Structure formats: C-alpha cells, structure tokens
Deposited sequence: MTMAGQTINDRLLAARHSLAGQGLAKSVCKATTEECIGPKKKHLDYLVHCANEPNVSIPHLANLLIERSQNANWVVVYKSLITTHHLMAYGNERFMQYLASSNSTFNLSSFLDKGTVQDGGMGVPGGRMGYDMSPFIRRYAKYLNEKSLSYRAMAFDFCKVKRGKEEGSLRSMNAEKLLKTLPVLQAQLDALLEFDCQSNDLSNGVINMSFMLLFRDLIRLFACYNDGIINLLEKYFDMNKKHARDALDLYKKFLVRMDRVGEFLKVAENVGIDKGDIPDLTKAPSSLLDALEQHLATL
C-alpha cells in the first residue's frame, strides 16, 4: 500500500510542517471506500510513538488534517474503535544532519505535543458522543430543542476547553511545526466558537420557558460560557499577534450584565 510510504513522507524528521502534497494524498486515500481506515490510523499511531518530537508532532498534525479535511471515515474510526493517542507522558529531552543541535526544542515542544494530542483525543470523544463533528455543522445548535441542547452544550464545552488548554504564548510559536498546529487549532476554535455562540443564543431563547431543574442547568452553562469567552478572547489576541489575518478573527463583544441579572431573577421566582 502506498499508505505506509505516504505516512512517512508526511512525518519526516525535517523540522517543518507536513507538506501539502502528502496531506492531500492521504486525504484522497482516506475518502476511498476500498482503503483500510484502521490500517491508516495505525500507521499514524505508530509514528506518534516515535522518540523524535518532530515526527510525533507532525503525526499529530497529519491526523488533525485528516480529521478536519477528509470525509468522516477516518474520524468515525478514531471515535468508535476508540483509537486514541497515548502521549500523556511524552517527553523528549534527547536531542541527524550536519550535526545541527536541536537544543532544548524537544523539551519545550513536549507540553504542546501533550496538550495537542489530548485535544485530538477530545475531538474523537466529542464526535463519539454526538455522531457528528461540531466543526462542520446537520445538527444545528441554533434550532436544536431544549433537552437536546442541554446534553449537547456540555460536550461542545469540553471540546473547546481541551482546545484552550493548548495555552501558548507568542514566544512559544517558534518553528514551522508548532505554527502549523496552532493554525489548525485556530481554524477549529473559530468553528467551535460559532457553534457555542449559536447554542447559547438558543439556550437563552428557551431559558424562560424551561422548568426548574433545566433552568438551573442552563444558568450554570451560561455562566461557564461567559468565563470561556474571555479565554477565547485571549486565544484570539495571541492569534492576532502571531500573524493571523484580522479578517479571520471574530469580533467579540463583552456580554451584558443586565441580561445575567435577568436570568437570575427569573430563576428565583421559579
């Protein structure tokens, strides 16, 4: 199978992000009904077990790319057959070429590899719980019904929380590998942010017609949402400073407290 060779070409030790050509080939393969998704996943998982942080991170970036740009086949597998990454203890302190030193790159990249892998596994978990990819919304948060909304927001929120745990500073984004991952995280965040907002507008529309327990659930979810928009604001700030088009940066607006005041008063009278 051309797979193996292709997975290796996209996950080479060269310290730059996987090349568009290879990512495009793998996406082609991933959408083909006669190709073994399990096999392709195992090949990537195998590379994610490498000792070299560059190979690992690129394997994670390739998986993210397949998850966001190929059809669901690849994604459905990881979520169902629960095929996760196991990098919760990844650590690269052991730095060939022309004898070029890697310095403390492996060490400083390690936390990001961990957080990124964790977000990708959380992306799988989220799809396993919903049967669909929030970053592609079939399954409108805006129109969804109260009960469905309340079981959906906790899942969307957990996926967004895992993404924000990336928590990098501008000085951290210092090579082509981590830069590419941050770009892919940014694209997911924008989509996630939009779904979250839709879900919350919907929550507020149905809030006043909710019973007693559901009213309390919704109020909590709403407060959590407020905390998270500040976090998204900080993420976007960093996105702005590292060179991402301000035209692709959503213009957030502080939420009105009078509104939160209303939700609480209504809750009591209930």
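A.B. asks: Tell me which segments of the deposited chain sequence are not represented by C-alpha atoms in this structure.
C.D. replies: Seq positions lacking coordinates: 1-21, 117-119, 162-166.
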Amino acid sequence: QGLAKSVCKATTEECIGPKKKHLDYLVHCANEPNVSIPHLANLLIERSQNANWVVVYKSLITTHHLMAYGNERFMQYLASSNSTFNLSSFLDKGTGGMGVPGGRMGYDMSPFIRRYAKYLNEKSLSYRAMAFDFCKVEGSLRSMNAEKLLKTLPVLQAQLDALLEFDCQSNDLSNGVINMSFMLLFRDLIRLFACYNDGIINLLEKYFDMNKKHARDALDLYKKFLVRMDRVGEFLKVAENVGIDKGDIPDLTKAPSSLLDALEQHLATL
From here on, numbers count along this sequence of modelled residues.
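A.B. asks: Between 69-77 and 121-129, point out the one with the higher average CA B-factor as the PDB entry records it.
C.D. replies: Of 121-129 and 69-77, the stretch with the higher C-alpha B-factor average is 69-77.
A.B. asks: Taking the recorded C-alpha temperature factors, which stretch has the higher mean, 165-173 or 98-106?
C.D. replies: Going by the record's values, the stretch with the higher mean is 98-106.
A.B. asks: Of 244, 51, 227, 45, which one's C-alpha B factor is largest in the deposited record?
C.D. replies: Across 244, 51, 227, 45, the entry lists the biggest C-alpha B-factor for 244.
A.B. asks: Relative to the other modelled residues of the same chain, rank the CA B-factor of residue 86 and answer lowest, middle or highest third.
C.D. replies: For residue 86, whose C-alpha B-factor we compare with every modelled residue in the chain, the answer is the middle third.
A.B. asks: Residue 239's Cα B-factor: lowest, middle or highest third of the chain?
C.D. replies: Middle third by C-alpha B-factor.
A.B. asks: Classify residue 149 as lowest, middle or highest third according to the C-alpha B-factor given in the PDB entry, relative to its own chain.
C.D. replies: Within its chain, residue 149 is a middle-third residue by C-alpha B-factor, going by the deposited values.
A.B. asks: What third of its chain's C-alpha B-factors does residue 92 belong to: lowest, middle or highest?
C.D. replies: Its C-alpha B-factor, which the entry lists for residue 92, ranks in the highest third among residues of this chain.
A.B. asks: Is residue 31 in the lowest, middle or highest third of its chain when residues are ranked by C-alpha B-factor?
C.D. replies: Ranked within chain, residue 31 CA B lands in the highest tercile.
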